[PDB]
Amino acid sequence: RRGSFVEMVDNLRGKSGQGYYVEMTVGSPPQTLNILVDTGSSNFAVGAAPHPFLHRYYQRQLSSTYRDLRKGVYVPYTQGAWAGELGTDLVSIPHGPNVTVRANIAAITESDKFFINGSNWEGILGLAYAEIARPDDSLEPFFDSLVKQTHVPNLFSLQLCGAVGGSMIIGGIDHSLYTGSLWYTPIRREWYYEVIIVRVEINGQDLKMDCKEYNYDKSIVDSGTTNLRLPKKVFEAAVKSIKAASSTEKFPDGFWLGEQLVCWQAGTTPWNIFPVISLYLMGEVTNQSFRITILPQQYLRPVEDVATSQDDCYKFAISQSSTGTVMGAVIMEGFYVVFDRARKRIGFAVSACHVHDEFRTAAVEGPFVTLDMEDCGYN
Ligand SMILES: C[C@@H](NC(=O)c1cc(C(=O)N[C@@H](Cc2ccccc2)[C@H](O)[C@@H]2NC(C)(C)N(C)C2=O)cc(N(C)S(C)(=O)=O)c1)c1ccc(F)cc1
C-alpha cells in the first residue's frame, strides 16, 4: 500500500486523448521532449526537424554526446510512417528511473500522417522487443539498453487514465494505482507483447466463436493503438451482439463502423444501455484463465469538443483488423497493466483511475476453468 515509486506516479500526460506521453531528456546539454509510450513497436525515435505539428525537436548538432551511426531507418505503422537517421545519445527520464543510459535514437527527418496535430508529443518510445525493431533485431530497443546498462528490474507498468494522465512505473509496481488483485497472462512470444484470448463475452453472453478466431494471426497489448481492434469475423460477431444487447436505442450502421459519432447533452450519456465486454485470457496455471471486463466508458471515446460546448460526442472505438487482435487504449484505460518482462507475463488489475459510473465498474476476475487453451494460438 506504500509507495517508494511515488516520483514516477502521474508522470504521463495526454492532450485530447491523442496519445499518452512521458518526458525524456536526451543529449547534452539537456534536450527534453514529450515521448509517446508505445508497447506496440520497438524503436525509440524523436522528431529532429521542424514540422507543422511539432512545438520542439531534437537538435543533434547541439548535443556533444551524439554519435552518428551512419544508417537510415524507416518505420511504417498501421497509421502513418516516418524516415530518419540512426545514432546514439545519452537518455534519461526525469520522472522515471534515476539513471542515464546511452541508447539508440532515430532522428525523424520526414514523416507522413505520423505526428498528430495538438497531441503535444514529439517522439515515440517503442517498448516491445528487438525482433520487430527496424532496420532489424540488432538495433537494441531502449528498454533492453536500460536493463543491460543499469540495475533497473526488467519490468514496467502502465496506468492510462482516460477521460488525460497516467503513470508509467519503471522497474516496479505501485500499489496505489490499482484495487483488487493482479492477474497474469503469459507473454506467448517476445516480439510484440503477445497474449492469448480464450473466450469473449458481451454482457455475460458467450460470443461462441472458436477461440482460434480471437487470436488469428495474433493478439497483442498495444498502448500505441487507440482502439480495441478485432479480426474481421470476430468484429462482425461482436458488433452484432453489442447491437442486440443495446437494442433499447438504435444507431446508424456508420456508428458501429466508427464513421459516424453520436453526441449527448453534457452529462446525460446513457452508459447503462450499452453492454460490458469481457475478454478471458490464458492464466499461469494449466486450464486456468481469468477475465478482464471493460465498460462502454472505455470503448465509447470522447471527441475533442467543438469549443467547450454542451455536447458530449462519442466514437465507437472497437474496429476491424487484418493482423490479429489489438488490445489498445480502450482496453488499457480500464486497468493497471504490468509488463513483467522478467517473468514473461502481463498482469492486469482494476485501475484506480478508470472511468466508470455509480452502477458498474471495470473488473478483473478469476479463476475460471478453460480447457485446451494452448490450441487457441495461431501457428
Ligand atoms: C497516438 C494515438 N494513436 C492512434 O491514433 C492510432 C495509432 C495506430 C498505430 O498504428 N499505432 C502504432 C504507433 C503509432 C503510429 C502513429 C502515431 C502514434 C503511434 C503502433 O506501433 C502499432 N502497433 C502495431 C503492432 C499494431 N502496429 C503495426 C503499429 O503500427 C493505429 C490506430 N488505429 C488504426 S485505430 C483508429 O486505433 O484502430 C490509431 C493514441 C491516441 C490515444 C491513446 F490512448 C493511445 C494512442
Side-chain angles (χ1 to χ4, degrees), residues 7-8 10-15 18-38 41-77 80-128 130 133-136 138-150 152 156 168 170-171 223-224:
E7 186 179 311
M8 289 187 216
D10 290 349
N11 62 354
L12 298 184
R13 283 288 178 283
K15 268 280 191 176
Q18 306 181 97
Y20 293 88
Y21 60 83
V22 67
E23 289 190 286
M24 296 184 78
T25 68
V26 318
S28 44
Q31 288 188 50
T32 305
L33 302 170
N34 287 158
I35 308 297
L36 179 75
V37 179
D38 180 27
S41 70
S42 307
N43 282 87
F44 175 37
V46 300
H51 183 284
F53 302 160
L54 292 181
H55 290 297
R56 51 189 181 170
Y57 58 81
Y58 179 41
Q59 298 176 286
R60 292 168 291 167
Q61 74 272 39
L62 304 185
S63 179
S64 71
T65 49
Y66 178 66
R67 296 178 187 173
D68 183 14
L69 283 173
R70 294 168 58 193
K71 186 173 67 174
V73 59
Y74 182 87
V75 181
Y77 299 92
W82 57 253
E85 302 164 359
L86 290 171
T88 67
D89 213 334
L90 303 177
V91 182
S92 300
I93 306 174
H95 309 291
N98 189 31
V99 301
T100 299
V101 305
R102 174 166 287 285
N104 288 307
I105 308 178
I108 302 185
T109 58
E110 254 80 24
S111 62
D112 173 45
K113 304 173 187 175
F114 179 68
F115 295 113
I116 299 174
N117 194 199
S119 66
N120 207 41
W121 51 265
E122 300 116 2
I124 182 168
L125 177 62
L127 288 170
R134 309 276 177 157
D136 59 34
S138 66
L139 191 70
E140 180 173 273
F142 177 82
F143 210 81
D144 286 63
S145 296
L146 173 66
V147 174
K148 290 190 180 67
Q149 292 172 43
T150 80
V152 178
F156 66 92
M168 171 168 70
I170 297 174
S223 71

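Heads up: numbering here begins at 1 and tracks the sequence. Both backbone and side-chain heavy atoms feed into the values below; hydrogens, waters and symmetry mates do not.
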* Which atoms form the tightest heavy-atom contact between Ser28 and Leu90, and what is the distance? -> OG-CD1, 4.3 Å
* Under the side-chain contact (heavy atoms from CB on, under 4.5 Å) criterion, do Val91 and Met24 qualify, and how do the steps go? -> CA-CA 7 Å; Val91 182; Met24 296 184 78; 3.7 Å; yes
* Over 12 foreign heavy atoms within 6.0 Å of CD, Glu7 -> no
* Go through the structure and list residues passing ring pair (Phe, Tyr, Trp, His ring centres under 6.0 Å) with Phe142, not counting sequence neighbours. => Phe44
* Closest heavy-atom pair and its distance - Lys71, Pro135 -> CE-CG, 3.9 Å
* Asked: Looking at side-chain heavy atoms only, is the closest gap between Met8 and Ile170 below 4.5 Å?
  -> yes
* Exam field: side chain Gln31 to backbone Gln59, donor-acceptor pair closer than 3.5 Å -> yes
* Structure fact -> Between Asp10 and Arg13, the two heavy atoms sitting closest are O-NH1, 3.4 Å
* Residues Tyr57, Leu33; criterion side-chain contact (heavy atoms from CB on, under 4.5 Å); working and verdict -> CA-CA 7 Å; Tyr57 58 81; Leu33 302 170; 5.6 Å; no
* Please identify each residue that fulfils side chain to side chain contact (heavy atoms under 4.5 Å, CB included) with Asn98, with sequence neighbours left out. => none
* By ring pair (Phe, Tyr, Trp, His ring centres under 6.0 Å) - contacts of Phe156 (at least two apart) -> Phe143, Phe339
For residues 111-125, please give each side-chain donor-acceptor pair under 3.5 Å, one per line with the distance, not counting sequence neighbours.
from: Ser119; atom 1: OG; to: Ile116; atom 2: O; distance (Å): 2.8
from: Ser119; atom 1: OG; to: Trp121; atom 2: NE1; distance (Å): 3.3
from: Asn120; atom 1: ND2; to: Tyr21; atom 2: OH; distance (Å): 2.7
from: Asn120; atom 1: ND2; to: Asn34; atom 2: OD1; distance (Å): 3.2
from: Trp121; atom 1: NE1; to: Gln18; atom 2: O; distance (Å): 2.9
from: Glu122; atom 1: OE1; to: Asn34; atom 2: N; distance (Å): 2.9
from: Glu122; atom 1: OE1; to: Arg56; atom 2: NE; distance (Å): 3.2
from: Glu122; atom 1: OE2; to: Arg56; atom 2: NE; distance (Å): 3.3

* side-chain contact (heavy atoms from CB on, under 4.5 Å) between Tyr77 and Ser41, intermediate numbers included -> CA-CA 9 Å; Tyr77 299 92; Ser41 70; 4.0 Å; yes
* Between the main-chain N or O of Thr65 and the side-chain N or O of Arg102, is there a donor-acceptor pair closer than 3.5 Å? -> yes
* Do the side chain of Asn11 and the main chain of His95 share a donor and acceptor less than 3.5 angstrom apart? -> yes
* Taking atom OG1 of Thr25 and atom CD of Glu23, what is their separation to the nearest 0.5 Å? -> 9.0 Å
* Asked: CD1/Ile93 to OG1/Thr32 distance, rounded to the nearest 0.5 angstrom?
  -> 11.5 Å
* Looking only at non-hydrogen atoms, find the nearest pair between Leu54 and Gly47 and report the distance. => CD1-CA, 4.1 Å
* Structure fact -> Shortest non-hydrogen pair, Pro141 vs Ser42, comes out as CB-O, 3.5 Å
* Asked: Rounded to the nearest 0.5 Å, how far does CZ of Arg60 lie from CD1 of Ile105?
  -> 10.0 Å
* Structure fact -> Rounded to the nearest 0.5 Å, the OG atom of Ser64 sits from the CG atom of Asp89 at a distance of 8.0 Å
* To do: Considering non-hydrogen atoms only, spot the tightest contact between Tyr66 and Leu86 and give its length.
  => OH-O, 3.5 Å
* **All side chain to side chain contact (heavy atoms under 4.5 Å, CB included) counterparts of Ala81, not counting sequence neighbours** => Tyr74, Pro76
* To do: Rounded to the nearest 0.5 Å, what's the gap from CD1 on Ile108 to CG on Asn43? Could you check?
  => 9.5 Å
* Asked: Is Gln149 atom CD crowded by more than 12 heavy atoms from other residues, nucleotides or ligands, each under 6.0 Å away?
  -> yes
* Mind checking what makes ring pair (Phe, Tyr, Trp, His ring centres under 6.0 Å) contact with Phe53, not counting sequence neighbours? -> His51
